[PDB]
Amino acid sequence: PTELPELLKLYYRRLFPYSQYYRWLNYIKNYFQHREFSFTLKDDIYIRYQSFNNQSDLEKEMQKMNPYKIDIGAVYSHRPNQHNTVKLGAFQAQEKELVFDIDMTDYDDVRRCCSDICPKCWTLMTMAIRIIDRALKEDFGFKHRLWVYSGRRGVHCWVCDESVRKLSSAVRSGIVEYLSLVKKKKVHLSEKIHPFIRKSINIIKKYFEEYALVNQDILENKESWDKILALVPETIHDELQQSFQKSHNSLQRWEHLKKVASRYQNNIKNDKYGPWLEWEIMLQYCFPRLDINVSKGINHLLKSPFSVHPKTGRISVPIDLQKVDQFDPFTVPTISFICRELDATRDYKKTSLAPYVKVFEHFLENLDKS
């Protein structure tokens, strides 16, 4: 990172997609000029309440501070850079995108490999992306969703529909609550199954065998499978345990657990039986967890797309929804890598940053069309 200033200089000068960025945040009078940005400099010193007249101004400033990070905040009632002139109470956050922040640490207790990321546990992010995006688009009817790699151990989602940008904390909160399933045992399903639950479960089943029974190997052995047993009622404990001892592999174990869980009787006074426990286990293991604060708060700062991670060097890139399954956090272009690519290409539009910029542009055309 000692060479980060030099690299960031070249990057902010030649690679950062200023026209696309400004198309985004400019989309309403003063909407770009009332946006807060916060830059972070050396030593974790950051300034809040920056705002800019236009694209050119933004470019000059970024090229002059060459910030380590950039956060985007809310659209305010006045230019944030003038907020000190504004009378008491008058300066107020007015609008902002609905944002989600999936972070891999949220699931430490369900990974056997990392505490950090790797191939074996990124699938968690794949599932969180498909689940959340499907609910936002199909259930809420939100049309403009930008998914972004955080540069390290997770993803961000920017919901940018005009009506959404206007939503209040109470509504943002209710959306998060609509989306949340995992709160000891963290998942408890109602008897009557809502379509959100069904469709998320389906998504999870696309991956569950390979992620959980083979990558993570959750029923590999005693200390493993006892964790699963904790999530199920105690009357079926020993039958399951002995079944798991006769069994050799995680797939056998899981199959038995399904058969047995579908035979558990929820009320003595009712002959109804189903996949609830199985589903509760799958969800507790694979469903996204959602911080109410990040999404609820309207003035909340969030890492900017096309930021550079000050530790990894990786660019916060847009994720192509069409290829969720193939996104690879380990082959994300670093600032080092793309700057080096400049020597061989001798053209700035032709580094490994290009396709990500295309994902961005695409999302922009959908905003436009709207």
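Position 1 is the first residue in the sequence shown; the rest follow in order. Between two forms, the rigid core is the largest collection of C-alphas that superpose within 1.5 Å.
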query: With the rigid core as the fit anchor, does 286-294 or 140-148 show bigger C-alpha shifts in 8 other deposited structures of this protein?
result: 286-294
query: Hey, after superposing on the core, which one moves around more in 8 other deposited structures of this protein, 314-322 or 40-48, CA-wise?
result: 40-48
message: Of the other PDB entries for this protein whose models extend past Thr345 on both sides, does at least a third leave it without coordinates?
response: yes
- request: Pick one of none, 1 to 3, 4 to 9 or 10 or more for the number of deposited-sequence residues not modelled between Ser190 and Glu191.
  value: none
- prompt: Taking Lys183 and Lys184 as adjacent modelled residues, how many residues of the deposited sequence between them have no coordinates (none, 1 to 3, 4 to 9, 10 or more)?
  reply: 4 to 9
- prompt: Higher mean Cα B-factor in the deposited model: 227-235 or 294-302?
  reply: 227-235
Between the two ranges 138-146 and 81-89, the one averaging a larger CA B factor in the entry: 81-89
field: Maximum C-alpha temperature factor, selected from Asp103, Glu97, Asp71, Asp217
entry: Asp217
- request: Determine which member of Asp109, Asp161, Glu278, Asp133 has the highest CA B-factor, using the values in the deposited entry.
  value: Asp109
query: Looking at the C-alpha B-factor of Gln241, is it in the lowest, middle or highest third of its chain?
result: highest
task: Taking the chain's C-alpha temperature factors as the reference, tell me which third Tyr356 falls into: lowest, middle or highest.
output: lowest
query: Within this chain, which third does the Cα B-factor at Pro119 fall in: lowest, middle or highest?
result: highest
- request: Grab the CA temperature factor for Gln265 from the record and place it in the lowest, middle or highest third of its chain.
  value: highest
message: Split into thirds by Cα B-factor across the chain's modelled residues, where does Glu59 land: lowest, middle or highest?
response: lowest
